[PDB]
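Coming up are structure 1 and structure 2: the same protein chain in two forms, each one given alone as structure tokens.
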Structure 1
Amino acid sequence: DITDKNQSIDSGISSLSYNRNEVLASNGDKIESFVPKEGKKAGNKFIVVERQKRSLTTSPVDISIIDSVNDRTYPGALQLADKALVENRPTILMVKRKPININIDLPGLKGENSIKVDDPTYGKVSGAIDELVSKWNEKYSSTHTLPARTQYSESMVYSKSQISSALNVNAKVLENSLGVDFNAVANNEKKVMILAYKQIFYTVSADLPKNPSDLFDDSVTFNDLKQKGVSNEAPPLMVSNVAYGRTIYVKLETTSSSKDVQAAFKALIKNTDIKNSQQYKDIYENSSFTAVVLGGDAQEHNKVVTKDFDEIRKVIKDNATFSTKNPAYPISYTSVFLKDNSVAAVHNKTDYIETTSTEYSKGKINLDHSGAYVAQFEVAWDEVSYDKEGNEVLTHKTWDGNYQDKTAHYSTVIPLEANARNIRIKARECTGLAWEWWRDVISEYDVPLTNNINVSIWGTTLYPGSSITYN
């Protein structure tokens, strides 16, 4: 009852003035410079990258917990709403408290899933929760394990801020546990996909009080609260919901810049036949998969790194069971503002560059002339690039052996760069006055660029023959 006139925990709390939708919000990198299209050579390949700008907005109410077995979050706790909470390390507030009622959502306990906790402390609520679970176990004595409520998330990685908001996890967890090379992703040197299998055993909620005072023992004053950190930019909160279980995170990673990485990946998780295709097996040959289990009942820093996804499938399969007789730890939670008793949400807004690539490979044209006549060739093609504007630039090339007599068995190779386009191969027999009035033995336009383009000409002057194959 300071010289402040806010001297009733209720008025002290009610007279707080804050924007509930702006106190817990965080806007990630808001950024602006890039090239729309790009052509890059790397080894025996040509990568074409395209960039769009995208924007993601989120307002999760379910907040991810970092240190599962050290995070002393419990239903009915008091926290401050600020940047610390948003950084997954909220400030707790301890004071003498009035009892609180807790409820667990396990199935088949309707009507007997509540318990009053006189002294609401991490340890004393944990015991109450344990009581509740024992009750369920007493009722269903021969059911020692239940399926976990799995929630599946999936997404490609483009930026630290994009993927965190997308999966609703601290970026540190992905960078540290799965080890995500955000710079490789940025330079499109690696394409990464991240899966998240959230395994919820059950959740426990605390009955919302109709007045902030009902939570606090009467010896606690609004002063003690401000002293503890309550203010306009640090509004008081109560944990109303806590989810218990564990999470399986998976990273699929490749050096392929192929337009089919996401589908190839997708095919592998689903185990659809398409995964046996060869454009996919090639990508799989240059991919690696990592799986880590975080949360309850997992020895910290466990990890699996493989090239055989079946090992990943095993980790997903093995960690979806909930043993009702073994301890469980908080995995996430939701909070309510003490003021209007409304659910607290963390607002995130962030732009990011979305990249889509295509991978081209070097190839060669193989000419074979076994025809009983003199012939001349004309081989031409363009080499594509992209100016700063992302616009195409074509540079015309031609085989130095064009328009030159070739007789009974000639063999050559005309290597092509991975960025070769508008490829045309022509061969004319030499009966007539000149090139312009000579018979076509083979005439191809827009020959698709592959590993090997095999052109062969044979036959007689009267009846030449020819074919073009690919590899």
Structure 2
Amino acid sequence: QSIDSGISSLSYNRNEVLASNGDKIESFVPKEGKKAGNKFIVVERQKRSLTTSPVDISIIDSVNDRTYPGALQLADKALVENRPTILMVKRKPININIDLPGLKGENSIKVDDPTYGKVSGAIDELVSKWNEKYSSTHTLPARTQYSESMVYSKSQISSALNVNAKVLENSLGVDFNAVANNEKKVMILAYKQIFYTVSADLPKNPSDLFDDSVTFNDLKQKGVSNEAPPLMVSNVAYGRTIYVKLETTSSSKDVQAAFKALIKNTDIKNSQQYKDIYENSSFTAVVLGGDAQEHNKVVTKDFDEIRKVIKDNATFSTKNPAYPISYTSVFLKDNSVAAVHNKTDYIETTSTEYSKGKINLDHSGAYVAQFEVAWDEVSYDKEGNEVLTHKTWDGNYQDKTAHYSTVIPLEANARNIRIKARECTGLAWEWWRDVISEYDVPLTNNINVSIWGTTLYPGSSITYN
């Protein structure tokens, strides 16, 4: 019935207690062939799956949030949903420590009655203790931590960068739908900038945390259970985060490469393919976790502007308030670090545009000729398998003379286009001399076929547009 006793006997799989699971698929279309106005679009999916297991937990609203080092919460789904349940009970003092530079042997402080406000003031002290020892400068470099990834889905990206999906959706304004319908290509970068961090020395036994007036039944009452094991916030990073979004409408498979080239500023950044992509991309940057609020957003077609934002935020002032960016918790029982577990599937995709064209035949040869034009019309069933529907031209196997012109329109889904023209030397078609034989002609907007010359010296040509 006691704190150490009740806790020391909790049955739970620490590697499953905290889990944020999402979407798992099996019923997906490997291939989608559809028309879109005058175009013919071809989507080609490929189920992909990611599995994250972070130990460092993100904090959403620094003002609404009062999490601190030493705090107590339950390892439940609320926590997983970025809104943990804090256990408020009269407790024992605890030692806290900041990692600002040049402060060894002076960085620790003891907080008698840990509470958000109580601990904060301690930290405040520590910082001032620093600002005192070091009066010349009050600004230091932030410790940035870079992360990057393409956006395929909410749960995907959310776990990839270990950030709450809503946050991006709100601040970066991510159009998860267009993304889904493959109408947009998006990449997100995250610059975690830590100024300093604070830890709370781990206790030998749970009891060391709580006062004596406290009993396990209280804890088991507040919510402590096998479904809500108790834990303590061991570390808290203070600083801010810069989120950068790289979006485009281009469907090229080079986008990613292009984005990276732009970000890193590599020499291959001028690949004309990239330049066009860049010309069709939009970049967004924002800085959260601070007290800046919404007033620091930037949308440009000029990345140099995004580069500045990052550069300008490479420092933090020891004379300004620093808010919680993230934290790592620890199970009371074994003092092991907690780690929210996430597993989810998603679908990488690609969509190739097509557009109808036509065959332009032109006969100006001093002989009689017969054409043979055929092609296939691609289709895709429910299982995403190819389905070729053969098509042929009317004017096939029909004589044609001095200057015959005609246009043969083709659907955007025309494949294996074959254009043949034979002269009339001797018996039947299947016995004549060839003026032109082309196979698998690339469906373009204009396939200009044309024969000419004499019976002995025929001539032909095919151009494109």
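Reference numbering: structure 1, starting with residue 1. Throughout, rigid core stands for the largest set of C-alpha atoms superposing within 1.5 Å between the two forms.
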Residue among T255, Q151, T358, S342 with C-alpha shift of 2 Å or more between structure 1 and structure 2, core superposed: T358
Rotation (degrees) of the lesser rigid unit against the larger between structure 1 and structure 2: 15
Following rigid core superposition, Cα shift of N419 between structure 1 and structure 2 in Å: 7.6
Core superposition result - C-alpha of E50, shift between structure 1 and structure 2, Å: 3.8
Shift in Å of the C-alpha at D405 between structure 1 and structure 2 after core superposition: 13.9
